[PDB]
Amino acid sequence: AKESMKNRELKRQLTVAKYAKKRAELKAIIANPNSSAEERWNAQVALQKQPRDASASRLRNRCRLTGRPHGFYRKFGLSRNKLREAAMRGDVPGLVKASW
Amino acid sequence: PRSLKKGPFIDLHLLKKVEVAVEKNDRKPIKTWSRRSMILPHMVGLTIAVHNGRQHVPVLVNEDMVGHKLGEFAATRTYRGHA
Amino acid sequence: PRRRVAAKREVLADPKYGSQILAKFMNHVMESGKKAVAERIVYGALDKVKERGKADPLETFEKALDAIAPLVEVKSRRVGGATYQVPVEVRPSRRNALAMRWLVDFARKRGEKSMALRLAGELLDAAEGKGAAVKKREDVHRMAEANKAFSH
Amino acid sequence: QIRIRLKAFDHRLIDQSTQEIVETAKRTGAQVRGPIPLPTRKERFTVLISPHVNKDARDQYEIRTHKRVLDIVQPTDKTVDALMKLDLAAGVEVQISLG
Amino acid sequence: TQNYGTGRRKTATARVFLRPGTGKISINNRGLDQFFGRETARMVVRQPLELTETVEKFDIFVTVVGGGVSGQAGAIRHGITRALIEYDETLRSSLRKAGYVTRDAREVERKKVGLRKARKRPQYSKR
Amino acid sequence: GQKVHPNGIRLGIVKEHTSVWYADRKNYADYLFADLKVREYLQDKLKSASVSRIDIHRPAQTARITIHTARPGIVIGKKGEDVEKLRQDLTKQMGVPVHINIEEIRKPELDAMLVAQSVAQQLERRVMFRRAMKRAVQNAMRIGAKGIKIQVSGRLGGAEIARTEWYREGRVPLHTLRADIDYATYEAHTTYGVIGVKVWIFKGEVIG
RNA sequence: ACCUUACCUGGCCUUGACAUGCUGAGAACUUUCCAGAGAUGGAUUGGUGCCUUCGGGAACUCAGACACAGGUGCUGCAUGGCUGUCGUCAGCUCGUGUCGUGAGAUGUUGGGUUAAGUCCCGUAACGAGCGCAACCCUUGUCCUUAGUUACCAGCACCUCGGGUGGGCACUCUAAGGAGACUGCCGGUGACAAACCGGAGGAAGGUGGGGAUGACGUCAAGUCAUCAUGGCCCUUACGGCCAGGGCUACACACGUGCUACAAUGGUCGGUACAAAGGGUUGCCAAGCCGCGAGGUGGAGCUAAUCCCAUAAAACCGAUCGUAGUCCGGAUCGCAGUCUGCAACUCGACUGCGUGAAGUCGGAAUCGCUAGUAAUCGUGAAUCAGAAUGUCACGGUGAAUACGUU
Ligand SMILES: [Mg+2]
Ligand SMILES: [Mg+2]
Ligand SMILES: [Mg+2]
Ligand SMILES: [Mg+2]
Ligand SMILES: [Mg+2]
Ligand SMILES: [Mg+2]
Ligand SMILES: [Mg+2]
Ligand SMILES: [Mg+2]
Ligand SMILES: [Mg+2]
Ligand SMILES: [Mg+2]
Ligand SMILES: [Mg+2]
Ligand SMILES: [Mg+2]
Ligand SMILES: [Mg+2]
Ligand SMILES: [Mg+2]
Ligand SMILES: [Mg+2]
Ligand SMILES: [Mg+2]
Ligand SMILES: [Mg+2]
Ligand SMILES: [Mg+2]
Ligand SMILES: [Mg+2]
Ligand SMILES: [Mg+2]
Ligand SMILES: [Mg+2]
Ligand SMILES: [Mg+2]
Ligand SMILES: [Mg+2]
Ligand SMILES: [Mg+2]
Ligand SMILES: [Mg+2]
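Protein chains in written order, with the authors' numbering: chain n, 2 to 101; chain s, 2 to 84; chain g, 2 to 153; chain j, 5 to 103; chain i, 4 to 130; chain c, 2 to 209.
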């Protein structure tokens, strides 16, 4: 949970949202059924021209409070051992201990 | 293996260097880090020094090693043997 | 257990012979919850029994069961230096359970084509005292009567 | 004709809202097709409680979503909208259809 | 006329209707043999009929849903017994001694945390 | 042995959630993050005002914040030059516009969080924990407070070893789910390390 | 796989990727360029913006100077918080009184009884507290409320589908209640607490299961989730980037999965679940491929549409005890999908090959009823990646004389 880790994940999220659409039509051109080979090649080279650290696959979502890479839950935004703290105090609406 | 939708995968800078190296024939190795790049059929007969993790190993390319990747000719672990 | 609180259950539903003992025998031959497979095996064995000859297959079944239940059982007990083996009479309920367990276990290891054939062979052979189960019963009986000194 | 869908995280206040909507509808002279309790949605979580290695020591949590359906027949006065601040007060999600 | 019973067994339920008839029997609008194929399910679904010796007189209409085949058969038996009780409500004893009126409460025990199954544990090597 | 959080296990029985709103998968995480951040910010700024409970309600696209404090005059002073500034600030943080009202808590010494505040502050002021904990128990039990328990753990005084000392009075049934136990935890950051303070307060039973 | 990432090799920054304080110079942005592995640097068509007390200012961007920032660096034997363990074991104490010179004792000992320091009866002790039990969730029966997207008993039509008109009967869903209390009877018992049986009931003796963890123990675990006392680095123990590593392999151990087959393997015909997830999503019908899959775009912010065909079981045919129509490892060739990118190092598909394995030494583990055994389904994490984890149903046993 170094501050550098959080800073650079924020940078990654900003830069992936920066383009966020050129990638879309470039993928559409590459995967198009009938698009000719030359368009395929131009799309490939254009998409590879983009910065490497600009794809959604490099985003590793962390705890928005501590930046813990592991034990993340997407229903909340919290990690494993901040969710329990929030839920015990009754902050989280709807969350209760259950047995069934 | 990569799908057949896009035949090869080659890096732009490595491809540019390879295509430059044909105006004057094979004389010097091309220094690179791109182990992910597949060898093309038209760069045969030229020597490429690929990164290893500590240095660059020189590989002389012949016709039989076309469909492979550069990183396949640079072992990243030593293991001289337990005994 | 220590509390002596175990209560016995009542599930006993012979479908088409209406014989109380065959349901428990099928429970003994059952493996891994597959009631139907054991059902089929036992019925096939009884069909083989009824077609080898004129004997009622069910009657041959309880005749074999009677001719295989042991009368006395040997119980081990360490007396402080050696483990002796006293005899004791077998409870009426334990006799039939021991008989079925032995019969099934020895039919498991015969070596004919299908398990139903193994079971049929065991019932035919033990119905007069010639199977492996009957000689195990004789071994238990002689072992028990060779320790009659303790008995009490 | 108008239909109302009600969603909440607990049963007391959703019951209160259903009761008040129904009684207002009865007072205003309209007809109501009875409230329908749709099956609740139960989503469960199992979370480790130690900061470090204790795998068998877990703790389990749950969220329940309760859903009710109302619908009215023969409407002439439309003040169910007029209670936009009151039909839903704190934590009730209300969906209106056939407005 | 008619009588209605609701049977329940192992997450399965059955609605049974008894009318005057000649033992037609129909489950989910198909015959008993087509539903329970060569097992004791026929025996268990018929048991109260012969114990009360009214197998031939009642026409039965059944709709069953949920569970497995044995659970469905148990549901049919339970519903049949309840409807038979409400028809001629004097033989409650006769079924009671047979244990048909009682509803079996056994259910699938839930999985527990740290265990493999509801009761099985990992192997426990001590060294 | 490790206990369970008394506030956590009594949710839906005697206790109520601080935040009361409905959200769906679109924006549940956003609302939860906003609630946590605004609670941290509000508790951080106005520590001087004795604030314990901060409830958040979210009707359609709007927020209402109710603050429980023992100093209404401090938060709302001379017509409230601070409440309006706080309103604009909290509207800057939260997406939705914010409505604020201040609800004072009568009997401040009966609130577990306020008692923890006071004990931690005294331990900051180098007061002997003996006297602090005794006086807290006495002031609580003198009026109401049908039971109370206080626990202080750490390097008490300046000893080069950490221990736990706890004082109890009345009856505090922790295994009873009908007991409206009010619980609080707080940290005192001293010159040698952290000292933890835990407070349980038992008001009484509830029926119906 | 890259990222995670904390490690290695090399390239590169020094108020710095991030905070506040000072100063000067300008908006932010958008420009599809070149060099480089990239970090980065040099070029770069466009409007130089908003509010104006027109003195200027805000946000944002860039450069300098210091106080600084920064550290997944050390100490868990300086700590907070959180957790395991004994142990869901039935115990652990206090106030007043009394006994002893004192440490201490009494209460809390004794006869019964209980799952229980549970209760009764006696008693220099009289009371209280934390534990036990009850309150809580779920499952098992019944009633009221309500009948849509759920249901179809009765009626009408029906292309024979709850498909339609319609119905409030039923199943079901979900809120409120009833019910189970040793309540009634016989016997024993100090005619007490209680115990053994019986009737009624869906359920009988804390009905089944779960949550609930007393005072303390182990200087138990965590400084790497977070927080933090002291110590340590500040041209590096801080920060940025590209390749590699965490996947190595003469060996040893722990936990699983698949088998060694005939209660079985293949082919054909057929029946019955629960639970859950889907708008940066699920992803149909039709069509194209042996296949993984590709095109397509309907429906659904969901009791409505999708994921989505449950499997074992049953019926028919074949195999006939063979290292085999068993077993599937390994390897060769050819592909699909995700992803900037499947060499190191992904998951699947087709064709071929077809290993060890014939029920396992000393030793050792789980399980008492819907349990063990066995069969399948779903979700979290997640671009892709589960034989693990957590849940869900189907079929369905053996045994307990007893405390040596
Ligand atoms: Mg930090
Ligand atoms: Mg990832
Ligand atoms: Mg269950
Ligand atoms: Mg071992
Ligand atoms: Mg420490
Ligand atoms: Mg420790
Ligand atoms: Mg500590
Ligand atoms: Mg004690
Ligand atoms: Mg005392
Ligand atoms: Mg005393
Ligand atoms: Mg004295
Ligand atoms: Mg004592
Ligand atoms: Mg006693
Ligand atoms: Mg007690
Ligand atoms: Mg009875
Ligand atoms: Mg009884
Ligand atoms: Mg309890
Ligand atoms: Mg616990
Ligand atoms: Mg230690
Ligand atoms: Mg250690
Ligand atoms: Mg790297
Ligand atoms: Mg590893
Ligand atoms: Mg095969
Ligand atoms: Mg047990
Ligand atoms: Mg199961």
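Cβ atoms here follow ideal geometry from the backbone N, Cα and C, with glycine treated the same way.
Quick one: grab the DSSP three-state call for residue i.
i	result
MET89/n	helix
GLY209/c	coil
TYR184/c	strand
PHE20/i	strand
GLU74/g	strand
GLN99/j	strand
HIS6/c	coil
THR66/i	strand
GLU104/c	strand
So which residues on chain n does residue i lean against when the C-beta distance must stay under 9 Å?
i	result
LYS25/s	By Cβ distance, chain n contributes nothing, its closest Cβ being about 25 Å from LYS25/s, past 9 Å.
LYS7/s	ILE31, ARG41, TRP42 and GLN45
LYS16/c	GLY91
In the DSSP assignment, find the unbroken alpha helix (DSSP H) run with residue i in it and report its ends.
i	result
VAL84/c	82–94
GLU40/n	38–50
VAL19/s	13–21
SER119/c	113–125
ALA50/s	First-last for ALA50/s: 48–52, but that is the beta strand (DSSP E), not the alpha helix (DSSP H).
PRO58/g	58–67
Output the boundary residues of the beta strand (DSSP E) element that contains residue i.
i	result
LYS17/g	Element bounds for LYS17/g: n/a, residue is neither H nor E.
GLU166/c	164–171
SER53/c	52–58
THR67/c	64–70
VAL62/s	Neither: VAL62/s is in no beta strand (DSSP E) and is coded neither H nor E.
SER94/g	It is not in any beta strand (DSSP E) - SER94/g instead sits in the alpha helix (DSSP H) that spans 93–109.
residue 218/c	Outside the modelled stretch of chain c, which goes from 2 to 209, sits residue 218/c, for which no answer is possible.
Using a C-beta to C-beta distance shorter than 7 Å, which residues of chain c count as neighbours of residue i?
i	result
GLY95/j	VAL21, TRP22 and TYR23
So residue i contacts chain j; which residues on that side make the cut at Cβ distance below 7 Å?
i	result
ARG53/n	Neighbours of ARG53/n on chain j: none; closest Cβ ~35 Å, over 7 Å.
Using the beta-carbon of each residue, which ones in chain g are nearer than 7 Å to residue i?
i	result
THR43/i	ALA14 and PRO16
Residues of chain n with a CB under 8 Å from the CB of residue i: which are they?
i	result
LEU15/s	Under the 8 Å cutoff, chain n gives no residues; its nearest Cβ is about 12 Å from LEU15/s.
Strictly below 7 Å CB to CB, what residues from chain n border residue i?
i	result
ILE10/c	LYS98
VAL51/j	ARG81, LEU84 and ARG85
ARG48/j	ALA99
Closer than 8 Å by beta-carbon distance: list the chain i residues that pair up with residue i, in chain order.
i	result
residue 108/j	The structure shown does not extend to residue 108/j, since chain j is modelled only from 5 to 103, so the question has no answer here.
Going along chain j in order, which residues have a C-beta closer than 8 Å to the C-beta of residue i?
i	result
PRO94/n	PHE13 and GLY95
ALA88/n	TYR65
Original post:
Using 8 Å as the threshold, is the stretch 55–62 of chain j in touch with the stretch 85–101 of chain j, meaning 3 or more CB pairs across them?
Top reply: Not touching, per the Cβ criterion.
Original post:
Of all the residues that make up the stretch 35–63 of chain n, which are near chain s by a beta-carbon distance shorter than 8 Å?
Top reply: Within the stretch 35–63 of chain n, contact with chain s at the beta-carbon level (separation under 8 Å) is assigned to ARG41, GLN45, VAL46, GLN49 and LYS50.
Subject >> Proximal residues, the stretch 10–27 of chain j versus chain n, C-beta separation under 7 Å >> reply: The residues in question are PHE13.
Original post:
Using a beta-carbon distance cut-off of less than 7 Å, what residues from the stretch 60–74 of chain s approach chain n?
Top reply: Residues passing the 7 Å Cβ filter: none.
Subject >> Contact list for the stretch 71–92 of chain j against chain c, Cβ threshold 9 Å >> reply: Residues passing the 9 Å Cβ filter: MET88, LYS89 and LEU92.
Original post:
Can you find at least 3 beta carbon pairs, one from the stretch 122–129 of chain g and one from the stretch 65–74 of chain g, that sit closer than 8 Å?
Top reply: Three or more pairs of CB atoms, one per stretch, sit closer than 8 Å, so the stretch 122–129 of chain g contacts the stretch 65–74 of chain g.
Original post:
Touch check for the stretch 24–44 of chain s and the stretch 52–61 of chain s: three-plus C-beta pairs under 8 Å?
Top reply: Touching, per the Cβ criterion.
Subject >> chain n contacts from the stretch 32–51 of chain c (Cβ-Cβ distance under 8 Å) >> reply: Along the stretch 32–51 of chain c, the positions whose C-beta sits under 8 Å from a C-beta of chain n are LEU33, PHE34, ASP36, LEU37 and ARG40, read in chain order.
Subject >> Proximal residues, the stretch 26–56 of chain g versus chain i, C-beta separation under 7 Å >> reply: Those would be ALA37, in chain order.
**OP:** Identify each residue in the stretch 61–85 of chain n for which the Cβ-Cβ distance to at least one residue of chain c is less than 7 Å, and report them in chain order.
**Re:** Taken in chain order, the members of the stretch 61–85 of chain n whose beta-carbon sits within less than 7 Å of a beta-carbon on chain c are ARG65, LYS76, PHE77 and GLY78.
**OP:** For the stretch 6–24 of chain s and the stretch 71–90 of chain n, state whether three or more C-beta atom pairs, one from each stretch, are separated by less than 8 Å.
**Re:** No, because fewer than three Cβ pairs between the stretch 6–24 of chain s and the stretch 71–90 of chain n fall closer than 8 Å, the two stretches do not touch.
Original post:
Of the residues that make up the stretch 54–70 of chain c, which ones have a beta carbon closer than 8 Å to any beta carbon in chain j?
Top reply: Hits within the stretch, in order: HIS58, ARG59, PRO60 and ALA61.
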